[PDB]
Structures are given as C-alpha cells and as structure tokens.
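If you read the protein sequences in the order shown, they are chains F and E. To convert, count from 1 in the first sequence and add 243; that's the entry's author numbering. To convert, count from 1 in the second sequence and add 317; that's the entry's author numbering.
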Amino acid sequence: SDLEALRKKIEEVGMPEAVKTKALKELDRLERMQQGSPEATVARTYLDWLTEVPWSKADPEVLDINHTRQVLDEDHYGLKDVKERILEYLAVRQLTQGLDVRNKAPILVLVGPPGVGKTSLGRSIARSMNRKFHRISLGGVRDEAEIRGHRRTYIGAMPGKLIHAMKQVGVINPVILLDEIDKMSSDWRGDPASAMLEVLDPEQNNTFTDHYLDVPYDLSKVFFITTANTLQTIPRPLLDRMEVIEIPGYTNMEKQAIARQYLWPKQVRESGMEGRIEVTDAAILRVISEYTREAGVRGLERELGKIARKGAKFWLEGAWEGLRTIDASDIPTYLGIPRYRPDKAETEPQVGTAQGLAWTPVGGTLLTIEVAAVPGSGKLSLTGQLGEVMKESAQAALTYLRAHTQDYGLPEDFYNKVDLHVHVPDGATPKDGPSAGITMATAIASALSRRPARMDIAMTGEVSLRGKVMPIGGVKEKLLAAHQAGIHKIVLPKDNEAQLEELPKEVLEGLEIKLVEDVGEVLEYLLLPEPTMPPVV
Amino acid sequence: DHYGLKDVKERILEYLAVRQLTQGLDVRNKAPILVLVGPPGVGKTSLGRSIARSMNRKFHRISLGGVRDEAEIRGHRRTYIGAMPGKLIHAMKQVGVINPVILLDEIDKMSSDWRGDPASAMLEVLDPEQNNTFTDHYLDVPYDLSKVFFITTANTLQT
Ligand SMILES: *[B]([O])([O])[C]([C]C1=[C][C]=[C][C]=[C]1)[N]C(=O)[C]([C]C1=[C][C]=[C][C]=[C]1)[N]C(=O)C1=[C]N=[C][C]=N1
Ligand SMILES: Nc1ncnc2c1ncn2[C@@H]1O[C@H](COP(=O)(O)OP(=O)(O)O)[C@@H](O)[C@H]1O
C-alpha cells in the first residue's frame, strides 16, 4: 500500500493549485516500480520532496529594530555606519509587509575581504528574525553545472542545490544566503547568470524554473543576503538591482576587541583546555602587530590556536597547577620568531627628513622620506624604487622651492650647485602615488636650509606648483596607522576636513590635526627656527 | 516620459515616418536602426519601455551581449528527450505580440565566440527579405519573423 501512501501525503500537504496538478498526473504514473524503471524509479525523488517540502509553514517576522540591534551588536563590533545601512535595508520591507513589498525592493549584498565578518552575519541576521540561516557555498560553481536541477533524463534527478535550500529548511519563509557570487564565469553555453536573475528577481522570486522540478516554485518570503569580495566578476544583469553595502575591514583596536572575547575562547575550548590557560590583553597586541598582517581576521585566530595547541602539548610535557598565564614576555616561545616588525616613529628632530603616511590594501604604513644636500652640479636623483608619478611630485615640490629661495632662507643657487637625493626606505617595495609631496616638500626644504624637521609630526598632502596643497586619498587607514605608531600631531589638507569623521572618536581626540591649504603653512610649522648644520656653499 | 529632450524625441519622429508613410514597400526595406549617445548621467533606455507603451505594444528583452551560444537564440534539435528552443521564439512566447520591441541589451560588450555569433543571428531577421525565412533546430520549418523593432542604444560603437 506504499504506492497508495503517496496519495495520503500528497493530498494532505499544502497545497497550492500551482503544485496541485503537478502530482495528479504522476500520482498514478509511477506505480510501475516492479520492472525497470525508466519512469517509476525516477519518481521517488519526485514526491519525497513534495511529500516533505513545507507549505505555508510561517514564522513571526520580527518587526522590532531593537530585537535586531540588541542582538546584532551581541555578535559583532564596530561597523557603526555599516550597521546603519544594515537596518536601512531591513525596515523597508516592514513598511509595506505582506503586499506591495515582495513585488519590488532592492537586494542586500555584502562585499569585503574574506577575513572580515561576511558569513557569521548571515547566521546573525537570520537568527535575529526567526528563520533558518543557510550558507550555500557557491565557491565551486563557475559554469552551467548546477544552478538549476537536471531534467528527468536520468534516475539521479536530485533537485538543484539552490532549491535544496528550500528542502533543507522546514519552513516556507527562510533566510537563504549565498557565498562569493564573483566566483563565476559567464563565457560559455548556459550563462550561469541567467537563472540567478529569476532566483533573485524582486518580481518573480515566487517562480523558480527548473528542469526536474518543472513547476516554478512559489516562495513568498525568501530573505536574501548576498556575499562577495569583488564587484567586477559579479554578473551585470544582477548587480544593477542590488543596494550593495560594503564591508570595510578592521582596525588595530577592534582587532584587539574581537580576539579578546570571541576568537580566543572559541579556540581555547576546542583546544582541549576548557579554561586552563589564558593570554593577557597586552600580549595579544604583539600577536595583533608582530604576526597579524591581514585585512580581515581570518589570519589572526590561526595564531592563537597555534598558541593553544603548542600550549596544550606543554601539559603532557609537564603539568602545571590551575591555569597558566601568557603575557607579551613569552609569546615567541609559542608562535616562533616574529615575522613583521612594527612601524614605530623616531621624536628627535632630524635634518632633511619627514614622516610620510602610506595607504596599503592591508592597512597603513609610516614611511620616512629622507633627503641629502651634497655639493654637486644640480642633478636630482630619486632613489628607492619610486613610482613614476611620485618622481613628478618631487620636482613639483622642488620647483616650488626654487621660486621661493628667499622666503624660507634657502641657498640662492641651490638649483645649480647642490645635487639633491631623495630616498624612501625600504628599497625593495614599489612606492607610488603624488600625495607624499607635502612631506617631500618639507625634507627638501629642511635639508637645504639646514634646519631640522621635527619627527613627532605626521604629514601627508599632494602639492601643486604655485603652492596650494591638494586633497589626498585614504585618510582613514593612514591616520589609524599614524596613531598606533604613537604620533600625536598630523598635517592634512583643508579639503580632507570632511572625511575626518570616519575615524573613531577616541583617535580624533588624540590627534591635533593641523589643517593646512598652502605649503607656506607647513614649512613654518615643521622647521626648527635655528641652523644646526653648516650649509653646502 | 522625461523632462526636456525637445532636441531628442523628434529624431525618432523623423524615423517612424519611413514606415507609416510607405507601407508594404519601404516599410521593411533595410531601414537604418537607431542609436543614441549622451553623458553617463542620464537614463537613456528609460525611454525604451515608453516606446511600445507609447504605441500600445508590449516589450521583451534578451541580453545580446550575453547572446554568445546556441542554448541562446539558436535552436535545440528535436532528437533529444528534452531541450528548450532558442530565446527568440521564447521571447515571442513570453509576449503575446508578434512584434516585441527589444533593446540591444548589453550588446555593447558583445563577444563573438563559438556557438553562433549573435551578429549572424540578427542578419536573418534584420534583412528585409530574410526575416520571413528563419530556421531553427527546435523546428526545421521556415518561420516567419514578422517584426522585432530593435531599439539600438549604447555608448560603444566599435566592437
Ligand atoms: B600617496 O600617493 O597616497 C602616498 C605617497 C607616499 C606616502 C608614503 C611613502 C611614499 C609615498 N602613496 C600611497 O599611499 C601609495 C598608495 C597609493 C598610490 C597611488 C595613489 C593613491 C595611493 N602606497 C605606497 O606607496 C606604499 C605603501 N606602503 C608600502 C609601500 N608603498
Ligand atoms: N564582528 C565580528 N565579531 C566577531 N567575530 C568576527 C567578526 N567579524 C568576523 N569575525 C570572525 O571572522 C571569521 C570569518 O570566517 P568565515 O565566515 O568562514 O570567512 P568569511 O569572512 O570569508 O565569511 C568568523 O570565524 C568570525 O568568528
């Protein structure tokens, strides 16, 4: 009577008319499963979903931003303006919920380096709305292999892994998540972006065309959270209807915060030791700096585990009572020898030198431009694997000085008898871009005038010929690098006064950001008023 | 539809005249299909949907830039136990109007790799004496492509 039990469950689940006739034809067709079977064994994976797929299994959608906020921060730190845009996508649905919402609304998409929080939010955003998070690992699909299930052309007509999200969950109003959509390639037959349109259509996400599940499934509420790292490979006909929210990356303060309570324990327990060893907050800072050189945090936790594991072996090597503590005075005994020096400022004013700030995709760096003035013919040597653009900024600063030899008390004929030389340690890393011109403008001015330039001041500003300081890019990462180096005075163009707000409130208080517009402001600020070394001529 | 463009719309009012004023002849005789240009601030094909809507017709769209294979507009032979025809007839299917206007969707990045160049496919329907003489793999029968008023518009005119 099992061939009749298929009636019992198919007639009782659901059922919408859109999927009613889809069984009334095959409710009888598959009963020939004694011989073969071309069309009787290929229908057990037909009802076993239909007899098991949920219908109308609803859930109380959270209409309380405090239900979300008070638990989102319960899982993640910082990302304030980021979390500001997150809620900004949330309550747009609950303003027209039920009807006049599912018909048209943008799609949330998260982009950021793969170390920073990208998937945990999915479990965080879903649990905060009484649904079921699901991490469809799309990394591995770049072709027309499985974006919609096969036909009934074989016995292995297992549904599409996409619609299996509707199978794995037991409700009809889930939170379905994707991973790294830019891991595709739409350059051959069966464009893998075509189906995703219908899957993500803010108009027909209630019709899921397939090849074995011939009926386009009707899914009323399917909350979506899309993740990626590169906007480029993301399909074009999909990107154009996504209110994408970027995920920036961490700072050396929050990097100490997360690992203080999240990464360290969630790696200590799994390290056998369930509270029999603990690392001090000061010690983490070393591991924060001297071994962590990643934008995200995926690289960080691996070190702490390596501490725990190699720490665990010490127990079997020799026991110790209670919990053993680990401070910044014993870390190398666990992780080995450091791999990245810190970048600490120098304090004592030096001749013809300045503190340059450089942006890098993994943070910020404090570079030290240094120049020399030797009796020569007037050449200009720009050394240190400098980029072609920066070399232009060097003369740009130098030429400005040449027309103002009296105004800063420079040598009258330094264009002619003083052969400069600009170096930027280290010598192996390609340094590029016009922003550092304000600094160069300083050291060159100092080196000629023999008045030292104080180093407790950071500076960065692109220079123009007649002398106006122009805006730069990446003020956020640079300043953050400057503070963690221990600098408390910064010089910055007037234009970038706007983007000063992105810094945390604390660092902004720590720095006395001098805001300038012309170089004449800087050279009075930075140069010692007295001559300490003899000139060239 | 939009605001301004008094120097824009008429350049199609000076285009549709060749069809109404002369029907049967000079209405499908290899007419010059449109093209538009402007800064990258204005919504340009936003006028597109308001062309059929302006003439009461309907509208469909297939990404010709994404048209680079035979699972696209080209046909699927009837030998198989399952296969879908080209999106040309499918486009005709989703619509209920034999002349569905189609913007040249993203053809601005048109490649011409294997499985039929999307240009040769247009040659059949675009040619005024060939559109009535289509040919599928889904079928074999010369299928009369009456009209698909392509609205060509992009900011690339080289590849
Ligand atoms: B400026 O262009 O933003 C700056 C100039 C500079 C600063 C410090 C030392 C040397 C030069 N350069 C950079 O920030 C560049 C990145 C860049 C390049 C072009 C346009 C914008 C930004 N980064 C570096 O040169 C760099 C950073 N870290 C290590 C090595 N090089
Ligand atoms: N704001 C945050 N608070 C706590 N942990 C975080 C935060 N952001 C990221 N993480 C950690 O980063 C890790 C990311 O891992 P995973 O999700 O596998 O990679 P991806 O970042 O590519 O999604 C998680 O283990 C998570 O614990």
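Using N, Cα and C, we set each Cβ at its ideal position, and we do this for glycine too.
Among the options, nearest to residue i - alpha-carbon criterion
i                      : options                    : result
residue 684 of chain F : F/281, F/663, F/437, F/501 : F/663
residue 433 of chain F : F/393, F/492, F/368        : F/393
residue 382 of chain E : E/446, E/345, E/439        : E/439
residue 421 of chain F : F/428, F/404, F/415        : F/404
residue 778 of chain F : F/574, F/694, F/376        : F/694
residue 652 of chain F : F/635, F/687, F/680, F/625 : F/687
residue 430 of chain E : E/323, E/385, E/411        : E/385
residue 366 of chain F : F/379, F/396, F/346        : F/379
residue 637 of chain F : F/659, F/650, F/612, F/527 : F/612
residue 594 of chain F : F/587, F/614, F/603        : F/614
residue 285 of chain F : F/465, F/498, F/596, F/270 : F/270
residue 447 of chain E : E/326, E/474, E/346, E/376 : E/346
residue 589 of chain F : F/276, F/419, F/697, F/750 : F/697
residue 428 of chain F : F/478, F/665, F/331        : F/478
residue 339 of chain F : F/351, F/609, F/306, F/408 : F/306
residue 465 of chain E : E/375, E/354, E/324, E/357 : E/375
residue 681 of chain F : F/672, F/643, F/691, F/673 : F/643
residue 472 of chain F : F/449, F/352, F/484, F/544 : F/352
residue 489 of chain F : F/498, F/474, F/450        : F/474
residue 732 of chain F : F/263, F/768, F/329        : F/768
residue 569 of chain F : F/526, F/561, F/603        : F/526
residue 773 of chain F : F/735, F/666, F/753, F/690 : F/690
residue 327 of chain E : E/359, E/467, E/388, E/368 : E/368
residue 487 of chain F : F/468, F/497, F/500, F/605 : F/468
Residue i classed as buried or exposed, judged by whether at least 16 other C-beta atoms fall within 10 angstroms
i                      : result
residue 510 of chain F : buried
residue 563 of chain F : exposed
residue 349 of chain E : exposed
residue 775 of chain F : exposed
residue 463 of chain E : exposed
residue 399 of chain F : exposed
residue 311 of chain F : buried
residue 319 of chain E : exposed
residue 661 of chain F : buried
residue 437 of chain F : buried
residue 726 of chain F : buried
residue 453 of chain F : buried
residue 298 of chain F : exposed
residue 480 of chain F : buried
residue 459 of chain E : exposed
residue 423 of chain F : buried
residue 289 of chain F : buried
residue 266 of chain F : buried
residue 408 of chain F : buried
Near ligand 1: residue i beta-carbon under 7 Å from a heavy atom
i                      : result
residue 677 of chain F : yes
residue 667 of chain F : yes
residue 601 of chain F : yes
residue 516 of chain F : no
residue 715 of chain F : yes
residue 674 of chain F : yes
residue 470 of chain F : no
Opposing strand residues paired with residue i [DSSP bridges]
i                      : result
residue 618 of chain F : F/661
residue 706 of chain F : F/712
residue 520 of chain F : F/567
residue 735 of chain F : F/758
residue 688 of chain F : BP columns for residue 688 of chain F are empty, so no partner.
residue 485 of chain F : F/350
residue 770 of chain F : F/696
beta-carbon residue i near ligand 2 non-hydrogen atom, thresh 7 Å
i                      : result
residue 604 of chain F : no
residue 377 of chain E : no
residue 492 of chain F : no
residue 328 of chain F : no
residue 380 of chain F : no
residue 450 of chain F : no
residue 357 of chain F : yes
residue 316 of chain F : no
residue 505 of chain F : yes
Give, in chain order, every unbroken run of the alpha helix (DSSP H) that is at least 4 residues long and sits entirely within the segment 407-471 of chain E. 435-443
Self-check item: Length at least 4, wholly inside the segment 349-382 of chain E: the alpha helix (DSSP H) runs in chain order
Solution: 363-369
Start-end ranges of the alpha helix (DSSP H) lying completely within the segment 319-352 of chain E, minimum 4 residues: 327-337
For a minimum of 4 consecutive residues, which ranges assigned as the alpha helix (DSSP H) are wholly contained in the segment 578-657 of chain F? 631-645
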